[PDB]
Amino acid sequence: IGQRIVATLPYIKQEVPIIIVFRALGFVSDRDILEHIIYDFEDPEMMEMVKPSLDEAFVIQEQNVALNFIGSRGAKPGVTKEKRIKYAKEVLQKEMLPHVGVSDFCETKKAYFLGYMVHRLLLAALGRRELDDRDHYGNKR
Amino acid sequence: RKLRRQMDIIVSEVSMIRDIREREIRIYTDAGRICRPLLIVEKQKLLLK
Amino acid sequence: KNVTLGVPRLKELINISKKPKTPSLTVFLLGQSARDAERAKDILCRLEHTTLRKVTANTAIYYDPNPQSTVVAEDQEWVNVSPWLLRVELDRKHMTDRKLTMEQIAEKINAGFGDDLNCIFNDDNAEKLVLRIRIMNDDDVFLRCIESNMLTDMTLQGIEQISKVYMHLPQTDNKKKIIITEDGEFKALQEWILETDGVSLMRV
Amino acid sequence: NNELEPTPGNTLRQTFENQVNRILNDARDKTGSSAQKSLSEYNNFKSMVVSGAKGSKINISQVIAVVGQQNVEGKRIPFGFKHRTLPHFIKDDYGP
Amino acid sequence: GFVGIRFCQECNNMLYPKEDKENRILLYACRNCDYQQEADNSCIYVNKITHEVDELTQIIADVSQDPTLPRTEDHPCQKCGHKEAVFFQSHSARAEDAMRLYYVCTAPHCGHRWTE
Amino acid sequence: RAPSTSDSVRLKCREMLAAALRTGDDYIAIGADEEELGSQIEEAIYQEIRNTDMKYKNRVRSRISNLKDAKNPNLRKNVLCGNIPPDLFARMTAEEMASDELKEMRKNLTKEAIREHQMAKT
Ligand SMILES: [Zn+2]
Ligand SMILES: [Zn+2]
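Residues numbered from 1 in each chain as written, not as in the entry; some residues may be left out. Chains lettered and ligands numbered in written order. Part of a larger assembly, values for the part shown. Heavy atoms only, no water.

*Asks:* Could you clarify how one ought to interpret the overall build of chain C in this entry?
*Replies:* Counting its regular elements, chain C contains six helices and seven strands. Counting from the amino terminus, chain C carries its helices and strands in the arrangement α-β-α-β-α-β-α-α-β-β-α-β-β. For chain C, whose C-alpha radius of gyration is 23 Å, the value lies well above the compact-globule estimate of 17 Å for 204 residues. Seen through its principal axes, chain C has C-alpha atoms that stretch 75 × 45 × 25 Å. (Helix = DSSP H or I, 4+ residues; strand = E, 2+ residues; numbered from the N terminus. Rg over C-alpha atoms; globule rule 2.2 N^0.38 Å.)

*Asks:* Help me understand the arrangement of the chains in this model?
*Replies:* Most contacts, compared over the 10 pairs of chains touching, are made between chains C and F. Looking at chain C next to chain D, you find no contact at all, with the nearest C-alpha pair sitting 8 Å apart. Chain B makes no contact with chain F; the smallest distance between any of their C-alpha atoms is 35 Å. (Contact = heavy atoms within 4.5 Å.)

*Asks:* Sorry, what's going on with the coordination of the zinc ion (ligand 2) here?
*Replies:* Ideal values differ by geometry: the angle at a metal is 109.5 degrees with four tetrahedral donors, but 90 or 180 degrees with six octahedral donors. Residue and element names in this part refer to chain E. Within the first shell, the zinc ion (ligand 2) binds the protein through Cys77 (SG), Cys80 (SG), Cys105 (SG) and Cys110 (SG), at distances of 2.3 Å. Taken together, the four donor atoms coordinating the zinc ion (ligand 2) and their angles of 102 to 114° define a geometry best described as tetrahedral. Written as a sequence motif, the donor arrangement for the zinc ion (ligand 2) is C-x2-C-x24-C-x4-C. The exposure class of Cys80 is partly exposed, given its relative accessible area of 47%. (Donors = N, O, S within 2.8 Å, 3.2 Å for Na, K, Ca; no water. Tetrahedral: all angles 85-135°; square planar, octahedral: opposite > 155°, others 65-115°. Buried < 20%, exposed > 50% of the residue type's maximum accessible area, 1.4 Å probe, protein only.)

*Asks:* What am I meant to see in helix α2 (residues 30-37) of chain A here?
*Replies:* Working note: α-helix, 3.6 residues per turn, so residues spaced by three or four point in the same direction. Residue and element names in this part refer to chain A. Buried within α2 are the following residues: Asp30, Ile33, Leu34, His36 and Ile37. Taken down its axis, α2 places every buried residue within 155° of arc, on the same side. At its buried positions, α2 is contacted by α1 (18-24), α4 (52-55) and α7 (107-126). The backbone nitrogen of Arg31 has a side-chain oxygen 3.5 Å away, supplied by the residue at the start of α2, namely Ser29. (Arc of directions from axis to C-beta. Polar contact = N/O pair within 3.5 Å; in protein donor to acceptor, adjacent residues only side chain to side chain.)

*Asks:* I tried to follow unusual backbone geometry on my own but got confused; where do I start?
*Replies:* One non-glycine residue, C:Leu201, lies in the positive phi region at around 65°. With respect to the helices and strands, the residue C:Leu201 is situated in the segment after β7 (193-195). In this model, F:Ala120 sits at a positive phi of 60°, which is unusual for a non-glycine residue.

*Asks:* Looking at this model, I keep getting lost on the coordination of the zinc ion (ligand 1). Mind explaining?
*Replies:* All names here are of chain E. Of the protein atoms, only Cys8 (SG), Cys11 (SG), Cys30 (SG) and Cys33 (SG) coordinate the zinc ion (ligand 1), at distances of 2.3 Å. Coordination at the zinc ion (ligand 1) is tetrahedral, judged from the four donor atoms that bind it and the angles of 104 to 115° they form at the metal. Taken in sequence order, the residues that donate to the zinc ion (ligand 1) follow the motif C-x2-C-x18-C-x2-C. As far as the burial class goes, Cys30 and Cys33 line up, both buried.

*Asks:* What exactly am I supposed to notice about the interface of chain C and chain F here?
*Replies:* Accessible area lost when the parts come together is the quantity often used to give the size of an interface. Listed as interface residues are 26 residues of chain C and, on the opposing side, 22 residues of chain F. Across the chain C/chain F interface, buried area totals approximately 2200 Å², and carbon plus sulfur atoms make up 51% of it. Counting every contact that joins chain C to chain F gives one salt bridge. Across the salt bridge formed by C:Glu195 and F:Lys121, the nearest N and O atoms sit 2.5 Å from each other. Taken together, chain C and chain F are joined by nine residue pairs in polar contact. The element contributing the most residues to the side of chain C that touches chain F is helix α4 (residues 92-97) of chain C, with four residues. (Buried area = accessible area lost by both parts, 1.4 Å probe. Salt bridge = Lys/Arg side-chain N within 4 Å of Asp/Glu carboxyl O.)

*Asks:* Even after reading the chapter, I still don't get the packing of helix α1 (residues 8-21) of chain F against helix α3 (residues 34-49) of chain F, so can you show me in this structure?
*Replies:* Residues and elements named next belong to chain F. Between α1 and α3, the shortest axis-to-axis distance is 8 Å and the interhelical angle comes to 130°. With respect to their mutual orientation, α1 and α3 come out oblique. Of the two possible hands of crossing, α1 and α3 adopt the one that is right-handed. Two secondary-structure elements touch here, α1 through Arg10, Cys13, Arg14, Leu17, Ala18 and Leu21 and α3 through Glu34, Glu35, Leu37, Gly38, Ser39, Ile41, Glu42, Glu43 and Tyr46. (Axes fitted to C-alpha atoms, helices over the stretch in contact; angles between N-to-C directions. Parallel < 35°, antiparallel > 145°, perpendicular 65-115°, else oblique. Left-handed = near helix turned anticlockwise from the far one by under 90°.)

*Asks:* Would you take a moment to explain the packing of α1(F) against helix α4 (residues 54-68) of chain F for this structure?
*Replies:* Helix-helix packing is described using two parameters, namely the angle between the two axes and the distance between the axes. All names here are of chain F. Here α1 crosses α4 at 10°, and the two axes come no closer than 9 Å. The orientation of α1 with respect to α4, classified from their angle, is roughly parallel. For α1 against α4, the interelement crossing comes out right-handed. Contact with α1, carried on its side by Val9, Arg10, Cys13, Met16, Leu17, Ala20 and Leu21, involves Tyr56, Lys57, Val60, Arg63, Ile64, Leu67 and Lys68 of α4 and no other residues of that element. A class-by-class count of the residues in the contact of α1 with α4 yields 10 nonpolar, no polar and four charged. (Nonpolar A, V, L, I, M, F, W, Y, C, P; charged D, E, K, R; others polar.)

*Asks:* It is not clear to me how empty space enclosed by the protein should be interpreted in this structure. Could you clarify?
*Replies:* With a probe scaled to a water molecule rolled over the atoms, the places where space remains empty come into view. Residue and element names in this part refer to chain C. One number sums up the size of the largest cavity: a volume of about 140 Å³. In this structure, the largest cavity is lined by 13 residues; those nearest its centre are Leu52, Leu86, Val88, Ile133 and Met150. Breaking the lining of the largest cavity down by element, the ones donating at least two residues are β3 (85-90), α5 (102-113), β5 (129-135) and α6 (142-148). (1 Å grid on protein atoms, 1.4 Å probe; cavity = no way out; pocket = protein on both sides within 12 Å on 5 of 7 lines; lining within 4 Å. Points joined across faces, edges and corners; volume = space filled by probe spheres on them.)

*Asks:* Looking at this model, I keep getting lost on the nonpolar core. Mind explaining?
*Replies:* A general feature of soluble globular proteins is that nonpolar side chains tend to end up buried together. Ranked by size, the top nonpolar core spans 39 residues in total, and within it A:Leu9, A:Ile20, A:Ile33, A:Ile37 and A:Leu122 carry the most contacts. If you list the elements that add at least two residues to this core, you get α1, α2, α5 (63-71), α6 (81-94) and α7 of chain A. Beyond its immediate sequence surroundings of up to four residues, A:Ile37 is in contact with A:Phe22, A:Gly115, A:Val118, A:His119 and A:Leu122. Membership of the second largest hydrophobic core comes to 34 residues, among which are C:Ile61, C:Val88, C:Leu131 and C:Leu156. (Core = buried A, V, L, I, M, F, W, Y, C linked by side-chain atoms within 4.5 Å.)

Structure representation (structure tokens):
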């Protein structure tokens, strides 16, 4: 098995697996997530690599349970399910990815950006795209 | 590229990078990038005359 | 190859580190095997670590319920006499390099996994060497779990911690064998020696 | 053209680099030896080298014959850019 | 050749395999609903240890219109007969022993690629 | 010179080996008592092993596969023609001798190649 894709959210004391993050955005459906991540369903080696960190996440399906799962690990976790849900929702809408947009709703593009990150990670893993160089000043300001 | 070389809407500071191995096009307009001027070759001659 | 000489080696020697950067062993062959590389590579294979993943070419799991159905063309099942198997084919060249044979690979698998699994092996004569492994007594994924937990760490042949072994003829006279002749000269000799990449020093 | 037999114990890239480095080192050594043979008895580099006061024959070779091959971490110049060492070169060039 | 992926039609979910303990027929079932389907592949999971897979699948024909790539006239195109075609190596990792060049015809709307 | 036995598994192996000898029409061309030969090989294997365990069954299966394989009918030819004694074929080991010339050649060349593949150290 092994090879589980996870995330390290800001102001969250513990890492969380990815599919819980996607469902926290409200993507309860499963085909939507893989559409966001995999842009072509014809290469089996690419698509099989998400199964490890997809079978790890079948307990959580609804949005509220995902938000509570996130909030249980917050910097100041709530004492009520409403507190956990609102805290996790606020930290996702504000702290996570301000550059894509902090408008009233940005899930339609935040999900695509997370999918792009995961797709890049899988591309690096499969060897279809070499790693980035820290010394290259195209990557510096 | 043509609009930047005419310098009408895209200022000369903007850099357009197109990747071909992966179909991406990247555009940067932020501060801090380091750039130097260079001559332009059209086919095999110079635009400098 | 790499030996990491210089100041880092001095630090490793001064600060006695339970793990160095590049531990290795120089092995001298005792008998006539030190002279013919053919009878030294067998020792090399007896030394180097070899798991199942080193020899496997392709692997696949099928749901063939009827044993005589044989979803793939394999006449061996009929003469040999869970509804799913685990067909494993082995690369021929790697299989021969270790001077190994499937009849004992199956015995290793059976000894490792008890009676939970039953392995059927193709004969050496056939061009394609295959292994039909069937569990007999949530088991759909159990084959995947075991194969991911036996292919990597099986230890078909050799000893652990020895990543690779180099057969080498020394050029300098320091490692060359020295024997005083009958009339009294020194007459340095050249014999095969080996350089591992791990440390056992006891099984070796 | 895939007509390169891998050297015992070496990958294809490793043996390719081995032949390349061997050829380049042979060229450097031969040119240096020719330069040493060319020097006169009144030359000052030769006088200060043979006495061991300063310098060595490699310095004479680099001043006269050829500087040689540069390396970082014991290998030739790495592909700092994408599949090339400088913008003035062309992708996947392993020439001297 | 490979194991495909089938999606549940009701709730848009992965279809897990499920052997029929009575009919001895492999079937695909969801988990969020009592959905069943007939499995025709007769395969579950394959794995190629060698991983020596051809890379022509992802060789985009857009590579031809690139100015920083070599151009040669030694191996012309087979069909259109164009005399010039760019070439490049694996351009990817995992290559145990790869020095061959994957050619692409430098012709508009040709896309002819081959390995030598 | 095959003493008949009473063990059912032994006779099953004998008849399977005999039917294996029926492949390739070599027995028809020669005209020999292949059943007697099968009994002799089974008895020789039993003498070598002194048991009826996994080794018995896998050795019999290996011999059957070697005999009935059509890629090397020469071994069947020269075992039914009396070129090789039955006992030596019984004590035959693996494939290094009961093989065609092409497989022996490819094994030899891969053995020679692994020399260089395992030298290293410049
Ligand atoms: Zn469903
Ligand atoms: Zn063309």
